[PDB]
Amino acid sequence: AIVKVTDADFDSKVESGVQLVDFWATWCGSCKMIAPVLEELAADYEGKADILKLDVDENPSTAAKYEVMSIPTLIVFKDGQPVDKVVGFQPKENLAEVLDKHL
């Protein structure tokens, strides 16, 4: 459902279409809270948008490149460009509202 992305293949996976990238970490409690919401959202947009996860501890440069200071942080990419940003916990509705705003 939710595909993993790293510093090595980021530019590769995030370049065409709309992607929602979830910056998280194992020590992040609210990130664990958002996880299930994303797995569901990922289903609602199968074929419309891709949902990726990037562990900031193992991929700090990509986190640095997009100014991700706190987490969870979710960034909406369109054709390789960051076009929207969501911080902290957010219910399914709000996240879908952000995606439709770019599809």
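Throughout, we count residues from 1 along the sequence that is shown.
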query	finding
Average Cα temperature factor in the PDB entry - higher stretch of 21-29, 83-91	83-91
Between 39-47 and 52-60 (mean CA B-factor, as deposited), the higher	39-47
For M69, the third of its chain into which the C-alpha B factor falls	highest
Ranked C-alpha temperature factor of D11 among modelled chain residues, by third	middle
